[PDB]
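Working notes for the structure below.
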Amino acid sequence: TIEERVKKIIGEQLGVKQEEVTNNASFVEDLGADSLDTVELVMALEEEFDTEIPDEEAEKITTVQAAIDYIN
Amino acid sequence: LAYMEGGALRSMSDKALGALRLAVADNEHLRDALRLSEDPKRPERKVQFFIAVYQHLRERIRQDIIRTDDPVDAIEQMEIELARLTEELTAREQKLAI
Amino acid sequence: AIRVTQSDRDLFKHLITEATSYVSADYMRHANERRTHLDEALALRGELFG
Amino acid sequence: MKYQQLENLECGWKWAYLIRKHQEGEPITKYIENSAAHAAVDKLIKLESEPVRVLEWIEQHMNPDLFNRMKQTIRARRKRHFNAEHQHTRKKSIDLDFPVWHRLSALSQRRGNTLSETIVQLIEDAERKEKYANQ
Amino acid sequence: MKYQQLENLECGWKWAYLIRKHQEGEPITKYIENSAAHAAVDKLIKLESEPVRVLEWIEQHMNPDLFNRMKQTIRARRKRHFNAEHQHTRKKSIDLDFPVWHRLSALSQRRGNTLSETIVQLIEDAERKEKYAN
Amino acid sequence: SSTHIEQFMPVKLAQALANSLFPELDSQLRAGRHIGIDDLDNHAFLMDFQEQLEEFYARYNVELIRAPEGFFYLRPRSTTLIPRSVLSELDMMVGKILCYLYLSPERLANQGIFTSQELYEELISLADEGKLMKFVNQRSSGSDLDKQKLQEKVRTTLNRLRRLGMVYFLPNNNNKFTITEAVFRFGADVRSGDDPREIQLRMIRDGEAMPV
Amino acid sequence: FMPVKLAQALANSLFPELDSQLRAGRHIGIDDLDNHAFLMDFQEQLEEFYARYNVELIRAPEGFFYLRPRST
Ligand SMILES: *P(=O)(O)OCC(C)(C)[C@@H](O)C(=O)NCCC(=O)NCCS
């Protein structure tokens, strides 16, 4: 499902544990993903669902909850 | 190594593999892992083989005092032991002469 | 005993150094090309959007 | 030269090729006598962990027939190994029925382009129809 | 059942396949102990030129996990052997650059056709477009 | 191929069984002899081909076992193809005492060379003289004739243990001996810091020690 | 190395019991069909194997096999 495909992508693009990645887990502070890491995470999220996102609306996404909210 | 380009990295990896081929011929499963590590589609294999090498040297530790399982750490203890054995060898040859 | 310990030390040293040499080189390569490909991809993305 | 030549890799490739050929039963050796051929093969087998000496074993006992096939196979293996790094440089193998392949090859030979180029032109015409339908 | 199965042929195929796998290092036999495995492999090696006994050998010492692979390999071998008689039934193998293959497979999956059917339809449409223009 | 050793036996096991040392070692082992570090050749032979010999001897339903101290021996199973036997209680007394002497520093001056008289003196020091004597003869009450009988019994048990490799008589003297690490087995009931009554059950379950 | 047929005889599953009974001095006659046939087949190698022990594997004129210990 989308709500677990998001975790699959986040965990395998940042290397963090599945347990660590909760809905409210922010990438930078909780998951530790920095500039390029977050860029690659958003690119992978784009690839998974074969869609595209605007630059500003994409950069607005900075958390698992926000990630799913824009994905779903 | 960060400065250099791909060509030099590839060349030195090839040289390292050449050294390994000699260094690994004795072993069977370690040699097989080394061989499998050559596929370019699965770079992670390389790392796995590296682990095996450690996973090998860990079991080559002789006795308890050298159980600094980190192989790079056992080198200093072993060098200490070689120096010690040198002194005992000097004493023993003197004893044999007398 | 001296012979055995010297052989063991030499084997350990050679194996460790050669394994590190073999692996770290390709690891650094892959990292460098990954950085370069990301840099290349950003410009294409930017042009595509407009 | 477009692909870097690595000695300790091409030597291993060559050794594996020789061993595979021998175990398939072919006469890699240039010797007609059984004893010398067996001895040369045994020495080659000993040369497993020393790919560097494999070039010399080739220059001393390799069958004169095999130079062309050898230089072809290792060249192709090098190309494939270097292309396998990235997907966009890889190749995909597909099988085609004889009528379909006959028509496609006739068309390609007509247009004087490779099969992939002919498929590109064809799929591009189809996609142009789709695009103009979409607009 | 479309292709008739011939014992003296399929059994030779099976023997060659098993010898190839053994030479490749695959564990042919179900015996973990090396002695029994080697003995069974020697029995197989000296068992050449025998269908009625290679079948029994397979039934008795064959590795459980290789049964499916051997069965499907023999299926493919039979089909290819029977199809290789006539030109029109043969199959031509080609290599396609990854982007071209990706687009072609996208079309084939989209339309539910096979690669051969998709390319046939596309070529027919290309000819039809030529006639339209001409 | 046929006429090929791997068909029937692994190469290393066959090499071990064809070595000149195999027959003496096998006869001694089946006789019940323990192997210590002192028999350098035999100990090294067991170490090199240790795994082949455990799997070979498994065919007899007997385990070739290396205790942590480093001494190999054979433990028959309930289904042993080689008969099995248990040491006498007096044998346990002398073995425990021998382990004590191995670990005892007071006798360090002896440098490992001990006489049966010293062993008996230590035995009587640590054990119950008359109540231990009870087993030598049911009607003993300290009679010196029975005292000599107990001394002779201790000497006989010491000889049997010598046969088992727990003790070596000196190249020229049968009245003096040197202890071997095998004696450590006599302490297997106390090497683990737990309740004695649970360790005894564990050992008897493992076949290490039957009761009396 | 080792003789091949000797390895075959030793590896045979009958070898442990027969070896124990021989080293116990038991005599193997014609009644023990399996053991007697095994000894008949593999005598040429068991004689050498038991001569390595300074013992002789003797087939009596009556036919039964046994082990005769030497002085050594
Ligand atoms: P991190 O601190 O390395 O930052 C990376 C980045 C956010 C600067 C980079 O991923 C990026 O977004 N670069 C392009 C910025 C942009 O909006 N350019 C316009 C289109 S080329």
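Protein chains in written order, with the authors' numbering: chain A, 2 to 73; chain B, 1138 to 1235; chain C, 248 to 297; chain D, 1 to 135; chain E, 1 to 134; chain F, 2 to 213; chain G, 9 to 80.
Beta carbons are placed, not taken as given, at the ideal position from N, Cα and C, and that holds for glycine.
Secondary structure of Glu50/E (DSSP, three-state): coil.
Annotated three-state conformation of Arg103/D is helix, per DSSP. For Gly71/G, the closest alpha carbon among the candidates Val63/G, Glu64/G, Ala59/G, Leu47/G is that of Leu47/G. Residue burial annotation: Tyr103/F is buried, with at least 16 other C-beta atoms found within 10 angstroms of its C-beta. Cβ proximity to chain E below 8 angstroms picks out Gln87, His88, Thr89, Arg90, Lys91, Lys92, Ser93, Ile94, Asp95, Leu96, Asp97, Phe98 from the stretch 65-98 of chain D. At least one heavy atom of ligand 1 lies less than 7 angstroms from the C-beta of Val40/A. Your pair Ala1211/B and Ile1217/B does not check out as a contact, with CB atoms roughly 10 angstroms apart and the cut at 8 angstroms.
Between the stretch 265-273 of chain C and the stretch 35-47 of chain D, the count of Cβ pairs shorter than 8 angstroms is below three; the stretches do not touch.
Neighbours of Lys21/E in chain F, taken as residues at a C-beta separation under 8 angstroms, are lacking, since the least C-beta distance is about 17 angstroms. Counting along the chain, the unbroken alpha helix (DSSP H) around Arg128/E starts and ends at 115-133.
Within 7 angstroms of the C-beta of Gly33/A there is not a single heavy atom belonging to ligand 1. In this structure, the beta-carbon distance from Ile58/E to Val41/E does not fall below 8 angstroms. Within the stretch 252-265 of chain C, the residues whose Cβ lies closer than 7 angstroms to some Cβ of chain B are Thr252, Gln253, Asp255, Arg256, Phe259, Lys260, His261, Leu262, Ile263, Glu265, listed in chain order. Distances from the CA of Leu122/D to each of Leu104/D, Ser35/D, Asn134/D were compared; the closest alpha carbon is that of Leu104/D. Taking 9 angstroms as the Cβ-Cβ cut-off, the stretch 102-116 of chain E approaches chain D at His102, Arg103, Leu104, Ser105, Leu107, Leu115, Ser116, given in chain order. For the stretch 30-50 of chain D, the residues whose beta carbon sits under 9 angstroms from a beta carbon of chain B are, in order, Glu48, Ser49, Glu50. The DSSP-derived three-state label of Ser93/D is strand.
Ligand 1 never approaches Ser1174/B closely enough for any of its heavy atoms to be under 7 angstroms from the residue's Cβ.
Within chain B, no residue has its CB atom less than 8 angstroms from the CB of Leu18/D, the nearest being about 16 angstroms off. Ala1162/B and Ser49/D do touch by the CB rule: their CB atoms are close to 4 angstroms apart, below 8 angstroms. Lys14/E and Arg1179/B have their C-alpha atoms some 32 angstroms from each other. Taking C-beta atoms as the reference points, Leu96/D and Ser116/E count as a pair closer than 8 angstroms. Here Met93/F has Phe187 as same chain residues with Cβ atoms under 8 angstroms from its own Cβ, once five neighbours each way along the sequence are excluded. Within the same chain, Cβ atoms closer than 8 angstroms to the Cβ of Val29/A are found at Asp35, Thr39, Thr63, the five residues on either side in sequence being excluded.
DSSP links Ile36/G through a beta bridge to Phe73/G.
In the structure shown, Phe170/F falls within a strand segment according to DSSP collapsed to helix, strand and coil.
Contact check between the stretch 1141-1153 of chain B and the stretch 272-280 of chain C: three or more CB pairs, one atom from each, fall below 8 angstroms, which counts as touching. The C-beta of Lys1183/B comes closer than 8 angstroms to at least one C-beta of chain C. At a beta-carbon threshold of 8 angstroms, none of the residues of chain B lie near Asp286/C; the nearest stands roughly 15 angstroms away.
Counting only residues of its own chain and dropping the five nearest sequence neighbours on each side, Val17/A has a CB closer than 6 angstroms to the CB of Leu32. Within the same chain, Cβ atoms closer than 6 angstroms to the Cβ of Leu54/F are found at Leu65, the five residues on either side in sequence being excluded. Following the DSSP letters along the chain, one finds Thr116/F in no alpha helix (DSSP H) but inside the beta strand (DSSP E) bounded by residues 114-116. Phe178/F is positioned such that its CB atom lies closer than 8 angstroms to that of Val168/F.
Pairing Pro99/D with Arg1158/B gives a Cβ-Cβ distance that is not under 8 angstroms. Using a Cβ distance threshold of 8 angstroms, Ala19/F and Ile6/F do not count as a contacting pair.
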